[PDB]
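Structural description and commentary
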Amino acid sequence: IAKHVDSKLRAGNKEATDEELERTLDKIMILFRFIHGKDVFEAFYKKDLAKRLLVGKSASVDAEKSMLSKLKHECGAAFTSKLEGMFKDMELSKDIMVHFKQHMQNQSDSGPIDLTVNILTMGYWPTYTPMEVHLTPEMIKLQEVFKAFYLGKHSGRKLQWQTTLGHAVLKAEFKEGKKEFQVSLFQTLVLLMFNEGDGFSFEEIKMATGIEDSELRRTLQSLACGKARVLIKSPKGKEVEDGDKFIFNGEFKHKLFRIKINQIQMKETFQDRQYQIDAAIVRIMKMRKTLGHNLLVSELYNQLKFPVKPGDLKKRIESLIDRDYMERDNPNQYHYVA
Amino acid sequence: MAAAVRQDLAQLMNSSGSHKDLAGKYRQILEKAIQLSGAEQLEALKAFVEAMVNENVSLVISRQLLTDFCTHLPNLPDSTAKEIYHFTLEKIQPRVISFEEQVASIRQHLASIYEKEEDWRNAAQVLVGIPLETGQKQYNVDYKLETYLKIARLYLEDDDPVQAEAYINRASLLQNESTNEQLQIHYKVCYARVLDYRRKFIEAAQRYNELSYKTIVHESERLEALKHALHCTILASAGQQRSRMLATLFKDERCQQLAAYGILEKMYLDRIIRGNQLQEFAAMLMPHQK
Amino acid sequence: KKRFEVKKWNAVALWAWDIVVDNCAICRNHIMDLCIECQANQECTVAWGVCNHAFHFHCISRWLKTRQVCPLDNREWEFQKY
Amino acid sequence: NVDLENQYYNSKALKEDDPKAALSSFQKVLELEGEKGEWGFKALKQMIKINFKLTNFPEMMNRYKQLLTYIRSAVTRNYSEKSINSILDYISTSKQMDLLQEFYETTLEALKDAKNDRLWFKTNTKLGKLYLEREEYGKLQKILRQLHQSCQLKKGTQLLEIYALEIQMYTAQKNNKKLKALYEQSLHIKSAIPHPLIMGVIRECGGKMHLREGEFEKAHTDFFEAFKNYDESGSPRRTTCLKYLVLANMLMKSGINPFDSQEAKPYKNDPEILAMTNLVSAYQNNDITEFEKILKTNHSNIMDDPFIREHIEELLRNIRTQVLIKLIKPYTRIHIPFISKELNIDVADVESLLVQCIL
Ligand SMILES: [Zn+2]
Ligand SMILES: [Zn+2]
Ligand SMILES: [Zn+2]
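As for the overall build of chain D
Summing up its helical and strand segments, chain D has 18 helices and zero strands in all. Radius of gyration (C-alpha) of chain D: 30 Å, far over the 21 Å computed for a compact globule of 359 residues. Projected onto its principal axes, the C-alpha coordinates of chain D cover approximately 105 × 45 × 35 Å. The proportion of buried residues among the 359 residues of chain D is 52%.

Below you can see the structure in the form of structure tokens.
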């Protein structure tokens, strides 16, 4: 159900709208307010927000924070939580990028390449470790410079880079016409390392770049196949083995002065525990008749060995209070009531 | 008198045949250069190090040459080896990101030299330079634990308890999850030593007593740990925990062979110890305990 | 002349803490050794929060027994993780 | 039609001949295009930047008019806001405030002609901040009144921003009562998603007001929130916020080291925070001699602002009281000169302190 509102909030050129977009967003929340199972909707919206902000840019942050504020009502400040964090992270990334641009323009103004960082927080975002692929020497200088600048600005943070969720542009010089590529890091690395030399075999790509075998296979699946003109090869569909002799053809007659082969985004590949928790809740009561919520949670954590998530605690407390096993005037206290 | 061969390395850069030929040429020129023994050899290695960092050579070939040069490298006299180690360590600094792991190995070797040169001061500084946490390349838990334990021990032997405590805390931050068995015992030993050095005598005695019951550790080290625990609990501040620990050690039959059994007898029953009794007990104390 | 040359590069990175937690603010002892009274009396682990402060479990329970306020940030203490 | 959109790329590619040839190339980019799209937006901008580079104000003014009537639709709101902010910043970097003023006036009138919304809101906010840079009060006040009328709840971000601007102005105007009233008013909003700079600005003033009034728990909470929200946004005010947090914690009777938190540990070795770290470490684990030594040694670097000096009298008395309480605990009949010797004060001060403690 959240896919509809994600598509409505997505950038769509002509999809751009006016205040009636805000009215439609309010209508969507009107349809949502009586829908149960909010956890699934929240998780889907978190994934959608991460996809829209982490890679690419959405239609407008305006309606984004408007929707976040609207979900804050009728739900609670602690319920939203992460999405506000992602929005603040995007704002901080923009500010830090402006500051880094000023710093680069100030001292030793050379600007070989145009860096654009999107520093995120470890906890909020759905992070994932990169392949630890070795970056080619053209972009190592900017990595070092920005690392030094970030360490100078913020003290004791450490940057955990992710070379799997970024973009770049390469000025191709095959023949006449500087076909500006738009590539992911893997394709940038492959093309740049192929620039020095010619006809590197697949094992040579593995050794020089260091990409994982599966990811390198997926990357080299592109730069060919589509339209059967990016790279001419006798096999079709998928055929890549160790020691394969592949070389880029010395001509690129793609009939448009805007090359985007970063098409990877498009061609992208309890009952027993609940019983134990309920029994623990019952046993904590029928003793301490009036108990606070945090005290009850701490008591159950003490009485149990395996960790268990607080979400299980909350859902079991709600389920067992639904059965008239307790009653709720402070809102963080429970009486026994049998 | 083959000094000019290093200059021949420049003629290797002119070749545009980017394949195994350059790797073979670099390997054979390194083999030719390492055969020297005098200061000409030192200049040779130098030139080789200052040429490997050059951006003209590809990353993979330079990395392979650096790693095999390091792995066969240390078969020289210690002085020249230290000089060239410092030279390459300070030369690879501009390109640490592209030459990370190699540098790490080199640093470890340097520390090894300071292990046999009786220098516990600069060994810790050299081992610190390895970027264990910061950096795009991360190591396994065991390597971090071993490096932190080595740094903590080296700092402890330099009479710097603060840095040793900081690094043992850093090690314990990740010691909880690990697969190695002897590493946990070594970490416990280092933590007990650090607590003993920080004048937290009762906690050190408790740690030593817990360590003495381990079965993997040898019997002689068990007796040494029991003796250390007894010494720490004798020096501990008077109170209820100290008296309980004294009773616990008294209920152990292995205290009889210890040289401080009489003091244990006179302390367990809460009897005043004369000044002349401790004349010989203070001789066996550690130098930092006096 | 480079066949491929980088003009602009947008990269996504992360920030963290190079040293997360070392001591409990309550007992001043190590985070992952023992909860001070647990040493004198004689497993018990750490208990995080919404603010991600990660005190002990015995220490945070003792603090909550008197007042329900986080020691450092002085906010409402909501349990999370264990 | 791919030639029409991609010929902007090969006309921006022959950008070597900027004068009289780039202008014509993007002119024919416009004239060869009729479909309202982002590519014409790119064209306008390119020639706006090129033209402003080589002076000639009237042509760039006309190209402004074209861009502003181009902001109606087609291009996304995010890109349009980014381009407006970038053009405004890239001119304001060269001062010359009169054409900047006509710039802001044209943006305001054009966004009034179209939908105003958060775009016009933030344009007026940036204009108010620019006025605040000059510290002039009349234009800032009138712009603030216009902005408040526009705002005047599901829109708490706007109210929080305008309150932050008001607090920033009044902290330089030195109006304590107005600042307290504004903080109390902003305490009501509870459904906003603001920039952390705004949150830190509105929390630092509240913490300072609480410290001035006498409250210390709320002051400590506000100062911690201000420091936390000032760190992230870079900010060069994190320090003074950390110092105020340390002072409030010390006036709180503390009992817990504020530098054990993960957000403040890296700054414990800052040159401007080392004195406060030593003061805190001396406060807990009572040590009057070390506290006095730290105060005397660092008597010229921290005894400048009128916020720690005025509270140094509350200190040097709580620590003495704690030392006295821990000292007279095991005795039953204790000489007063002995207490005076232990506390390193004269007999009259000891008698006064004992009388106050007993009362
Ligand atoms: Zn604790
Ligand atoms: Zn415990
Ligand atoms: Zn907290």
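Things to note about the interface of chain C and chain A
Residue-level contacts link 29 residues of chain C with 52 residues of chain A. Counting every contact that joins chain C to chain A gives three salt bridges. Note that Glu173 of chain A and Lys1 of chain C form a salt bridge whose closest N and O atoms lie 3.4 Å from each other. Counting across the interface, chain C meets chain A through 24 residue pairs in polar contact. Going through the elements one at a time, β1 (6–12), β2 (14–15), α2 (58–66) and β4 (79–80) of chain C are the ones with two or more residues in the side of chain C that touches chain A. Per element, the largest residue contribution to the side of chain C that touches chain A is seven residues, and it comes from β1 of chain C. In terms of residue class, the side of chain C that touches chain A is made up of 15 nonpolar, four polar and ten charged.

Some words on the coordination of the zinc ion (ligand 2)
All names here are of chain C. Coordination of the zinc ion (ligand 2) by the protein comes from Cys35 (SG), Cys38 (SG), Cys44 (SG) and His58 (ND1), over a distance range of 2.1 to 2.3 Å. Viewed at the metal, the four donor atoms of the zinc ion (ligand 2) are separated by angles of 66 to 132 degrees, and the geometry they form is irregular. For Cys35, a relative accessible area of 1% gives the class buried.

With respect to the pairing of strand β1 (residues 114–117) of chain A
Alternating residues of β1 of chain A divide into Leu115 and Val117 of chain A, all buried, and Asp114 and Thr116 of chain A, none buried. Across four bridges, β1 of chain A lies against β1 of chain C in parallel orientation. Each residue of the ladder has a partner; that of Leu115 of chain A, found in β1 of chain C, is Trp9 of chain C.

Details of the side chain of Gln7 of chain D
Residue and element names in this part refer to chain D. Its location among the elements puts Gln7 in helix α1 (residues 2–13). The exposure class of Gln7 is buried, given its relative accessible area of 6%. If sequence neighbours within four positions are ignored, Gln7 has contacts with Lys28 and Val29.

Side note on the arrangement of the chains
In this assembly, five pairs of chains are in contact, and the pair contributing the most contacts is chains A and C. Spatially, chain B and chain D are disjoint, and the shortest separation between their C-alpha atoms is 14 Å.

Some remarks on the sheet that holds β1 of chain C
With respect to topology, four strands assemble into an open sheet ordered β1(A)-β1(C)-β3(A)-β4(A), the strand pairing being mixed. A single partner strand is all that each edge strand has here, and the edge strands are β1 and β4 (180–184) of chain A. Averaged over all adjacent pairs, the angle separating strand axes in this sheet is 10 degrees, with direction ignored. Strand direction decides the pairing type here: strand β3 (residues 162–171) of chain A and β1 of chain C, joined by five bridges, are antiparallel. Pairing of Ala168 of chain A across the sheet is with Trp9 of chain C, part of β1 of chain C. On top of the sheet, helix α8 (residues 185–195) of chain A reaches β3 and β4 of chain A together with β1 of chain C; it is set at about 50 degrees to β3 of chain A, its chief contact.

Brief notes about the packing of helix α5 (residues 77–92) of chain D against helix α6 (residues 97–113) of chain D
All names here are of chain D. One can describe the packing of α5 onto α6 by two numbers: an axis separation of 10 Å at closest approach and a directional angle of 165 degrees. Here α5 is positioned roughly antiparallel relative to α6, judged by the angle of their axes. In this structure, the crossing between α5 and α6 has a hand that is left-handed. From α5, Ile84, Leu88, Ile91 and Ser92 reach across to α6, where they touch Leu99, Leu100, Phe103, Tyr104 and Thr107. In terms of residue class, the contact of α5 with α6 is made up of seven nonpolar, two polar and no charged.

Topic: the interface of chain B and chain A
At the interface, 13 residues of chain B touch twelve residues of chain A. Approximately 1,100 Å² of surface area, both sides summed, lies buried where chain B meets chain A, with 53% of it carried by carbon and sulfur atoms. Taken as a group, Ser18, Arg63 and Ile97 of chain B account for 36% of the area that chain B buries against chain A, more than any other trio of residues on that side. In this assembly, chain B and chain A are joined by one residue pair in polar contact. Classifying every residue of the side of chain B that touches chain A by side-chain character gives five nonpolar, five polar and three charged.

Side note on the UniProt feature "binding site: Zn(2+) 3" in chain C
Residues and elements named next belong to chain C. UniProt records the feature "binding site: Zn(2+) 3" for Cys51, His53, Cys70 and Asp73 in the present numbering. Annotated residues spanning 23 residues; largest pairwise C-alpha distance 8.9 Å, indicating a single compact cluster. Mapped onto the elements of the fold, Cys51 is located in the loop between β3 (48–49) and α2. You can see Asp73 is positioned in the loop between α2 and β4.

Some remarks on the packing of aromatic side chains
Tallied over the full model, the rule gives 45 aromatic pairs over all chains. Centroid distance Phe57 of chain C to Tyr82 of chain C: 4.9 Å. Interplanar angle 85 degrees. Geometry classified as edge-to-face. With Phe57 of chain C in the loop between β3 and α2 and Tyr82 of chain C in the segment after β4, this pair connects stretches of sequence that are 25 residues apart. Look at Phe57 of chain C and you get buried, because its relative accessible area is 5%. Through a chain of ring-to-ring contacts, the aromatic side chains of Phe174, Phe181, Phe194, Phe200, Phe246, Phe248 and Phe252 of chain A together with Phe4 of chain C assemble into a single cluster. Lying over the aromatic face of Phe87 of chain B, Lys46 of chain B brings its terminal NZ or CZ to 5.1 Å of the ring centre. Its end group placed over the ring of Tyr70 of chain D, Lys36 of chain D keeps NZ or CZ at 5.0 Å from the ring centre.

Section: the coordination of the zinc ion (ligand 3)
Residue and element names in this part refer to chain C. In this structure, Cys51 (SG), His53 (ND1), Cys70 (SG), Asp73 (OD) and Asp73 (OD) serve as the protein donors to the zinc ion (ligand 3), at separations of 2.0 to 2.3 Å. In primary sequence terms, the donor set of the zinc ion (ligand 3) follows C-x1-H-x16-C-x2-D. Of this pair, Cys51 sits in the loop between β3 and α2 while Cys70 sits in the loop between α2 and β4, and the two are 19 residues apart along the sequence. Taken individually, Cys51 and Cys70 each receive the classification buried, so the pair is uniform in this respect.

Digging into the environment of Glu115 of chain B
Residues and elements named next belong to chain B. With respect to the helices and strands, the residue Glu115 is situated in helix α6 (residues 100–116). By relative accessible area, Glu115 is classed as partly exposed at 25%. On a C-alpha basis, the gap between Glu115 and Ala283 in space is 29 Å, while along the polypeptide they are 168 residues apart. Ignoring any residue separated from it by four or fewer positions in sequence, one finds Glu115 in contact with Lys150, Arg153 and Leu154.

Structural notes on the environment of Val169 of chain A
Note that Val169 of chain A resides in strand β3. Classification of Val169 of chain A as buried rests on a relative accessible area of 1%. Put simply, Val169 of chain A and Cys225 of chain A are 56 residues apart on the chain and 21 Å apart in space, counted from C-alpha to C-alpha. Excluding residues within four positions of it along the chain, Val169 of chain A makes contact with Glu180, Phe181 and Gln182 of chain A together with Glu5, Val6, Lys7 and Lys8 of chain C.

Rules behind the numbers
- Residues numbered from 1 in each chain as written, not as in the entry; some residues may be left out.
- Chains lettered and ligands numbered in written order.
- Part of a larger assembly, values for the part shown.
- Heavy atoms only, no water.
- Helix = DSSP H or I, 4+ residues; strand = E, 2+ residues; numbered from the N terminus.
- Rg over C-alpha atoms; globule rule 2.2 N^0.38 Å.
- Buried < 20%, exposed > 50% of the residue type's maximum accessible area, 1.4 Å probe, protein only.
- Contact = heavy atoms within 4.5 Å.
- Salt bridge = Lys/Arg side-chain N within 4 Å of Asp/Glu carboxyl O.
- Polar contact = N/O pair within 3.5 Å; in protein donor to acceptor, adjacent residues only side chain to side chain.
- Nonpolar A, V, L, I, M, F, W, Y, C, P; charged D, E, K, R; others polar.
- Donors = N, O, S within 2.8 Å, 3.2 Å for Na, K, Ca; no water.
- Tetrahedral: all angles 85-135°; square planar, octahedral: opposite > 155°, others 65-115°.
- Pairing = 2+ DSSP bridges.
- Axes fitted to C-alpha atoms, helices over the stretch in contact; angles between N-to-C directions.
- Parallel < 35°, antiparallel > 145°, perpendicular 65-115°, else oblique.
- Left-handed = near helix turned anticlockwise from the far one by under 90°.
- Buried area = accessible area lost by both parts, 1.4 Å probe.
- UniProt positions renumbered as here; feature names shortened; annotations may be inferred.
- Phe/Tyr/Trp six-rings, centres within 6.5 Å; stacked < 30°, edge-to-face > 60°.
- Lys NZ or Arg CZ within 6 Å of the ring centre and 35° of its normal.

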